Amino acid sequence: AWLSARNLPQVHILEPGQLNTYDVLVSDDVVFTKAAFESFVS
Amino acid sequence: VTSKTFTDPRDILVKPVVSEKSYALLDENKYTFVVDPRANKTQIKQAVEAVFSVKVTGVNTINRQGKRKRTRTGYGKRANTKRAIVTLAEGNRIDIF
Amino acid sequence: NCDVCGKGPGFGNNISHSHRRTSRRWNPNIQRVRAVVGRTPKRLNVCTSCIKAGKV
Amino acid sequence: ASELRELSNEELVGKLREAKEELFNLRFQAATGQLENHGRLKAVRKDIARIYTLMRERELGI
Amino acid sequence: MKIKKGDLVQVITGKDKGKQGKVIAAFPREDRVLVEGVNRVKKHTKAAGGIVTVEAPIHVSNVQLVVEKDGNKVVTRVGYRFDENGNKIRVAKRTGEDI
RNA sequence: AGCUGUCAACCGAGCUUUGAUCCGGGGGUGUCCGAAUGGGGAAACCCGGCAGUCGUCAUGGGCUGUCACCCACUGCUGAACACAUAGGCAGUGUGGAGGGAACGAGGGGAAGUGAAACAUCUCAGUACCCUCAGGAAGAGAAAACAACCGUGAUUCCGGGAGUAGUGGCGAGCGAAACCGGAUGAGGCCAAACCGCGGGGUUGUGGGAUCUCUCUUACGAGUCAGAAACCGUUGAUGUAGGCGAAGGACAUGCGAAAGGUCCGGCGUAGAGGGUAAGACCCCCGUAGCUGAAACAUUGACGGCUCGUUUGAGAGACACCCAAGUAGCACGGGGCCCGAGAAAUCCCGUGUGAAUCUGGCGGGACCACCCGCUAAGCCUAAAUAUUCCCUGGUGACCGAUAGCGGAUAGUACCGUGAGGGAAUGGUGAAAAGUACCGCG
């Protein structure tokens with residue numbers, strides 16, 4: 001996922017653990033990987 | 001002979017001097033050369049004798065200070081030079097040209 | 001400076017009744033003594049502590 | 001340079017003589033104004049430099 | 001400097017687009033080349049002193065090799081390839097041929 | 001596949017696919033001054049000795065090596081004087097000398113200032129100076145804390161805390177116990193006793209010496225516990241290589257990277273250039289790939305070293321760092337400014353003991369607790385950037401930013417020393433041929 005999506009101009013990538021307020025507000029949409037979503041919520 | 005104890009007289013004799021005074025001196029069999037500044041009259045005499053196989057009678061040396069020259073940036077100084085005037089025995093000549 | 005033990009001079013303060021401090025110096029008690037080092041006669045500056053101890 | 005390495009010590013000493021003599025003549029010609037190819041002065045000097053290098057290499061057994 | 005001396009190139013961005021030409025001389029340090037025919041300037045020189053028309057260098061990134069493919073000419077970019085002895089040979093990329 | 005550095009154009013002449021220029025590693029040359037070191041000297045100058053060598057009838061003259069002082073060691077000689085030393089002579093040493101931006105240890109040590117004056121005090125153990133270093137330094141394996149419970153070498157960071165304290169109790173100064181963290185490591189000698197070697201290394205005390213009882217190959221290494229080298233090979237460094245994908249139409253003015261339409265790559269939409277805003281024109285980036293040579297550093301083999309009787313019981317009071325500890329005086333530093341002043345350091349006098357020894361636990365005494373001074377070594381956490389490689393900036397953009405878009409130059413001063421100002425044509429010189437007034 002990192003290597004595939006990092007080059008897209010509009011996509012900003014984060015770890016679940018370093019999800020931060022600034023990135024959330026800038027971004028129009030947030031897309032989690034199921035592994036990421038469970039890691040964050042837990 | 002080795003590559004450190006090798007000396008050739010042609011190193012002392014840098015080049016001849018071409019000028020009106022030097023030309024005037026040719027007629028009297030006095031040849032003017034520019035020589036290595038570290039040489040003395042004795043070296044000049046031996047160098048000329050070995051290079052040209054001529055009999056040297058007397059050697060005069062003139063030490064000439066380099067001429068200071070102005071530039072865009074400032075002042076430079078040409079190299080200092082030592083000139084030797086070699087008087088040869090009667091009947092002996094050197095073809096410098 | 002004792003040439004034997006290396007005892008050097010100490011530095012400190014001379015204190016008055018008014019408690020004004022100034023610099024002074026405690027020089028060791030060094031006496032010039034004729035001694036025999038390695039069978040050769042020689043004159044040394046030695047401190048009386050070394051003399052008392054018999055180091056010379 | 002390779003062509004030099006095949007010469008004996010005496011041949012190398014020789015070649016140095018002619019090299020030194022040739023530079024001597026070029027310097028005289030240049031001073032008197034008859035030199036045509038200024039590049040030769042540099043060329044002969046480089047040959048002169050080579051011959052010392054090989055002579056020294058043999059002395060040190062490099 | 002991929003543009004060698006003596007190649008057929010095409011000016012892609014300049015006063016004179018389209019014009020092909022040979023590479024007269026290349027300056028691989030300032031990244032410019034001379035293509036005979038383009039940027040032909042008229043120098044005002046005095047003493048035969050007079051107007052002289054010769055071509056001035058154009059930037060290397062304003063030309064590009066011309067390789068022949070299926071009849072007419074076509075501009076191509078250049079890559080490299082070793083053959084067997086580690087020898088890079090200019091290989092055209094528009095055609096995949098050997099230039 | 002071009003090249004002959006730059007200001008900096010220009011001419012001329014050359015080198016180059018028989019591989020130049022350029023780049024990296026190694027090697028040769030390296031005038032004279034400078035610690036300067038054959039002697040001298042106003043640094044870059046002058047004059048020599050000794051050996052060898054070229055040259056000449058020969059002096060004169062060339063060229064190479066070598067010659068300062070101090071220290072370490074080996075030999076000869078040994079003064080006044082007789083041993084004898086001092087000294088002298090000979091032979092060697094990859095010994096020392098000087099330089100360096102900051103950081104370190106140990107010593108010496110201001111004043112302006114504050115105290116609204118000033119001397120105790122502060123500034124401040126700062127500025128500066130002296131000796132010595134290393135890549136770090138210093139410290140460091142308990143004669144330590146604590147408090148009757150206990151922790152267990154040192155260093156550094158945050159607390160404790162601006163607290164206890166200290167102070168012309170003024171201005172000010174200012175811990176420790178202990179807590180949370182970074183890193184984590186322990187070794188060896190002297191002594192007694194035996195012939196520089198063996199011996200042994202302690203705080204539950206241990207060791208020696210004597211008597212009795214029983215018993216009688218292996219590990220460690222380039223390090224603080226010794227020290228080198230030879231090879232094989234792994235990794236990193238000092239040059240590099242490859243590295244994806246864009247066209248058409250019009251406009252513009254002069255140039256398309258901008259407009260319109262359709263496309264493509266993307267483990268590459270970082271950045272810079274290209275004649276105006278370029279992921280696809282170039283240099284690159286993502287991603288891989290590379291070393292004859294030498295450096296750094298691993299692993300291994302050779303190699304080197306250490307050990308090869310041990311344990312218990314009883315004796316004995318032999319040893320356990322001396323002009324030292326303590327004490328007296330005069331001082332320094334610690335929260336502590338000499339005070340009832342402990343511990344720590346210095347000078348002068350006086351001056352022990354060896355385990356029933358000794359030291360500390362804030363005068364002192366007793367008990368209790370801890371620990372063995374007067375010997376040494378020790379990596380890691382810590383401070384710094386003259387220099388090298390790669391990057392960053394809600395840093396500057398030519399009176400700004402370093403003084404310096406190179407300058408410690410010009411200029412000023414005898415001298416230490418002070419010390420500037422000057423960036424911009426255009427995409428490309430296409431830098432105005434020719435004509436005229438002069």
# chains A, B, ... in the order shown; residues from 1 in each chain; ligands from 1
call {"tool": "interface_residues", "arguments": {"of": "chain E", "to": "chain F", "cutoff": "10 Å", "atoms": "only C-alpha atoms (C1' of nucleotides)", "output": "ChimeraX atom specification"}}
result
/E:1-2,4-5,12-16,25-28,31,39-47,49-53,56-64,77,79-82,86,88
call {"tool": "closest_atom_pairs", "arguments": {"of": "chain C", "to": "chain F", "cutoff": "7 Å", "atoms": "only C-alpha atoms (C1' of nucleotides)", "output": "Markdown table"}}
result
| residue | atom | partner | partner_atom | distance |
| --- | --- | --- | --- | --- |
| C:10 | CA | F:346 | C1' | 5.5 |
| C:12 | CA | F:331 | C1' | 5.9 |
| C:13 | CA | F:331 | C1' | 6.5 |
| C:19 | CA | F:120 | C1' | 6.1 |
| C:20 | CA | F:120 | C1' | 6.7 |
| C:26 | CA | F:347 | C1' | 5.1 |
| C:27 | CA | F:347 | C1' | 6.5 |
| C:28 | CA | F:347 | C1' | 5.9 |
| C:39 | CA | F:85 | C1' | 6.7 |
| C:40 | CA | F:85 | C1' | 5.4 |
| C:49 | CA | F:323 | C1' | 6.5 |
| C:53 | CA | F:323 | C1' | 5.5 |
call {"tool": "write_last_selection", "arguments": {"atoms": "N, CA, C and O atoms", "output": "CSV table (one decimal), in the first residue's frame"}}
result
chain,number,residue,atom,x,y,z
C,10,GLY,N,53.0,26.2,48.3
C,10,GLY,CA,51.6,26.4,48.3
C,10,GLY,C,51.2,27.8,48.3
C,10,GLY,O,51.9,28.7,48.7
C,12,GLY,N,47.9,30.8,49.0
C,12,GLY,CA,46.8,31.0,49.8
C,12,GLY,C,46.6,32.5,50.0
C,12,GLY,O,47.1,33.3,49.3
C,13,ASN,N,45.9,32.8,51.1
C,13,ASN,CA,45.5,34.2,51.4
C,13,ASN,C,46.1,34.6,52.8
C,13,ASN,O,46.1,33.8,53.7
C,19,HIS,N,39.8,41.3,58.1
C,19,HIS,CA,39.5,40.2,57.2
C,19,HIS,C,39.7,40.5,55.7
C,19,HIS,O,39.1,39.9,54.9
C,20,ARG,N,40.5,41.5,55.4
C,20,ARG,CA,40.9,41.7,54.0
C,20,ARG,C,41.8,40.6,53.6
C,20,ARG,O,42.8,40.3,54.3
C,26,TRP,N,53.2,29.9,50.8
C,26,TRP,CA,54.0,29.1,51.7
C,26,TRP,C,55.1,28.3,51.0
C,26,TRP,O,54.8,27.3,50.3
C,27,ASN,N,56.3,28.8,51.2
C,27,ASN,CA,57.4,28.1,50.5
C,27,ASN,C,57.9,27.0,51.5
C,27,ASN,O,58.0,27.2,52.7
C,28,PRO,N,58.2,25.8,50.9
C,28,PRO,CA,58.7,24.8,51.8
C,28,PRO,C,60.1,25.1,52.3
C,28,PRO,O,60.9,25.8,51.8
C,39,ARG,N,78.0,7.9,44.2
C,39,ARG,CA,79.4,8.0,44.6
C,39,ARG,C,79.9,9.4,44.1
C,39,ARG,O,81.1,9.7,44.4
C,40,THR,N,79.1,10.3,43.5
C,40,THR,CA,79.6,11.6,43.0
C,40,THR,C,79.2,12.7,43.9
C,40,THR,O,78.0,12.7,44.3
C,49,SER,N,62.2,17.7,55.6
C,49,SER,CA,61.4,16.4,55.8
C,49,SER,C,62.2,15.3,55.2
C,49,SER,O,62.4,14.2,55.8
C,53,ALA,N,63.9,12.2,57.3
C,53,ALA,CA,63.6,10.9,57.0
C,53,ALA,C,64.8,10.1,56.6
C,53,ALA,O,64.8,8.8,56.5
call {"tool": "atom_distance", "arguments": {"atom1": "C1' of residue 156 in chain F", "atom2": "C1' of residue 377 in chain F"}}
result
22.7 Å
call {"tool": "residues_around", "arguments": {"residues": "residue 4 in chain A", "least_positions_apart": "4", "cutoff": "9 Å", "atoms": "only C-alpha atoms (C1' of nucleotides)", "output": "list in words"}}
result
residues 8 of chain A; 266 and 267 of chain F
call {"tool": "select_by_dssp", "arguments": {"residues": "chain E", "states": "strand (DSSP E or B)", "output": "ChimeraX atom specification"}}
result
/E:8-11,20-27,32-35,40-44,51-55,58-59,63-68,73-75,78-79,82,88,91-92,98
call {"tool": "residues_around", "arguments": {"residues": "residue 45 in chain D", "least_positions_apart": "2", "cutoff": "12 Å", "atoms": "only C-alpha atoms (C1' of nucleotides)", "output": "MDAnalysis selection string"}}
result
chainID D and resid 16 18:24 26:27 39:43 47:52
call {"tool": "interface_residues", "arguments": {"of": "chain B", "to": "chain F", "cutoff": "7 Å", "atoms": "only C-alpha atoms (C1' of nucleotides)", "output": "list in words"}}
result
residues 5, 42 and 43 of chain B
call {"tool": "write_last_selection", "arguments": {"atoms": "N, CA and C atoms", "output": "mmCIF file, in the first residue's frame"}}
result
data_model
loop_
_atom_site.group_PDB
_atom_site.id
_atom_site.type_symbol
_atom_site.label_atom_id
_atom_site.label_comp_id
_atom_site.auth_asym_id
_atom_site.auth_seq_id
_atom_site.Cartn_x
_atom_site.Cartn_y
_atom_site.Cartn_z
ATOM 1 N N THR B 5 72.406 12.808 -9.548
ATOM 2 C CA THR B 5 73.727 13.398 -9.726
ATOM 3 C C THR B 5 74.003 13.654 -11.202
ATOM 4 N N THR B 42 82.139 31.586 -12.229
ATOM 5 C CA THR B 42 82.901 30.378 -12.521
ATOM 6 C C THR B 42 82.036 29.337 -13.226
ATOM 7 N N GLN B 43 80.804 29.135 -12.752
ATOM 8 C CA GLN B 43 79.896 28.224 -13.443
ATOM 9 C C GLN B 43 79.616 28.695 -14.861
#
call {"tool": "atom_distance", "arguments": {"atom1": "CA of residue 57 in chain D", "atom2": "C1' of residue 94 in chain F"}}
result
24.3 Å
call {"tool": "select_by_dssp", "arguments": {"residues": "chain B", "states": "alpha helix (DSSP H)", "output": "PyMOL selection string"}}
result
chain B and resi 20-26+41-52
call {"tool": "interface_residues", "arguments": {"of": "chain F", "to": "chain D", "cutoff": "12 Å", "atoms": "only C-alpha atoms (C1' of nucleotides)", "output": "PDB file with N, CA, C and O atoms (P, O5', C5', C4', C3', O3' and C1' of nucleotides), in the first residue's frame"}}
result
ATOM      1  P     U F   4      39.711  22.858 -21.960  1.00  0.00           P
ATOM      2  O5'   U F   4      41.242  23.100 -22.323  1.00  0.00           O
ATOM      3  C5'   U F   4      42.270  22.504 -21.547  1.00  0.00           C
ATOM      4  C4'   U F   4      43.645  22.828 -22.077  1.00  0.00           C
ATOM      5  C3'   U F   4      43.975  24.299 -22.250  1.00  0.00           C
ATOM      6  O3'   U F   4      44.301  24.942 -21.030  1.00  0.00           O
ATOM      7  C1'   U F   4      44.700  23.099 -24.151  1.00  0.00           C
ATOM      8  P     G F  12      44.705  33.178 -35.797  1.00  0.00           P
ATOM      9  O5'   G F  12      46.050  32.456 -35.350  1.00  0.00           O
ATOM     10  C5'   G F  12      47.310  33.080 -35.549  1.00  0.00           C
ATOM     11  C4'   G F  12      48.397  32.375 -34.781  1.00  0.00           C
ATOM     12  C3'   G F  12      48.443  30.866 -34.937  1.00  0.00           C
ATOM     13  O3'   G F  12      49.099  30.458 -36.125  1.00  0.00           O
ATOM     14  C1'   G F  12      48.621  31.430 -32.649  1.00  0.00           C
ATOM     15  P     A F  13      48.696  29.077 -36.838  1.00  0.00           P
ATOM     16  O5'   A F  13      49.379  27.967 -35.928  1.00  0.00           O
ATOM     17  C5'   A F  13      50.758  28.047 -35.599  1.00  0.00           C
ATOM     18  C4'   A F  13      51.064  27.269 -34.347  1.00  0.00           C
ATOM     19  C3'   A F  13      50.654  25.809 -34.371  1.00  0.00           C
ATOM     20  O3'   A F  13      51.596  24.992 -35.040  1.00  0.00           O
ATOM     21  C1'   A F  13      49.919  26.792 -32.354  1.00  0.00           C
ATOM     22  P     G F  14      51.148  23.574 -35.641  1.00  0.00           P
ATOM     23  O5'   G F  14      51.488  22.549 -34.471  1.00  0.00           O
ATOM     24  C5'   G F  14      50.599  21.499 -34.126  1.00  0.00           C
ATOM     25  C4'   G F  14      50.500  21.346 -32.632  1.00  0.00           C
ATOM     26  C3'   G F  14      49.779  20.106 -32.138  1.00  0.00           C
ATOM     27  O3'   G F  14      50.607  18.958 -32.147  1.00  0.00           O
ATOM     28  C1'   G F  14      48.969  21.993 -30.975  1.00  0.00           C
ATOM     29  P     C F  15      50.058  17.564 -32.721  1.00  0.00           P
ATOM     30  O5'   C F  15      49.344  16.895 -31.468  1.00  0.00           O
ATOM     31  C5'   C F  15      50.059  16.678 -30.260  1.00  0.00           C
ATOM     32  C4'   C F  15      49.134  16.313 -29.127  1.00  0.00           C
ATOM     33  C3'   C F  15      48.159  15.183 -29.415  1.00  0.00           C
ATOM     34  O3'   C F  15      48.737  13.900 -29.269  1.00  0.00           O
ATOM     35  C1'   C F  15      46.997  16.986 -28.437  1.00  0.00           C
ATOM     36  P     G F  27      51.772   5.944  -1.777  1.00  0.00           P
ATOM     37  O5'   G F  27      52.731   6.028  -3.048  1.00  0.00           O
ATOM     38  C5'   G F  27      53.633   4.971  -3.337  1.00  0.00           C
ATOM     39  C4'   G F  27      54.387   5.184  -4.627  1.00  0.00           C
ATOM     40  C3'   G F  27      55.355   6.352  -4.679  1.00  0.00           C
ATOM     41  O3'   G F  27      56.577   6.121  -4.003  1.00  0.00           O
ATOM     42  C1'   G F  27      54.111   6.273  -6.680  1.00  0.00           C
ATOM     43  P     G F  28      57.501   7.373  -3.603  1.00  0.00           P
ATOM     44  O5'   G F  28      57.956   7.982  -5.001  1.00  0.00           O
ATOM     45  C5'   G F  28      59.007   7.388  -5.746  1.00  0.00           C
ATOM     46  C4'   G F  28      59.448   8.268  -6.888  1.00  0.00           C
ATOM     47  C3'   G F  28      59.886   9.676  -6.523  1.00  0.00           C
ATOM     48  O3'   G F  28      61.208   9.751  -6.025  1.00  0.00           O
ATOM     49  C1'   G F  28      58.436   9.764  -8.377  1.00  0.00           C
ATOM     50  P     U F  29      61.672  11.052  -5.209  1.00  0.00           P
ATOM     51  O5'   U F  29      61.409  12.256  -6.213  1.00  0.00           O
ATOM     52  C5'   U F  29      62.313  12.538  -7.269  1.00  0.00           C
ATOM     53  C4'   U F  29      62.000  13.861  -7.921  1.00  0.00           C
ATOM     54  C3'   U F  29      62.094  15.081  -7.023  1.00  0.00           C
ATOM     55  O3'   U F  29      63.420  15.559  -6.902  1.00  0.00           O
ATOM     56  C1'   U F  29      60.087  15.159  -8.281  1.00  0.00           C
TER      57        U F  29
END
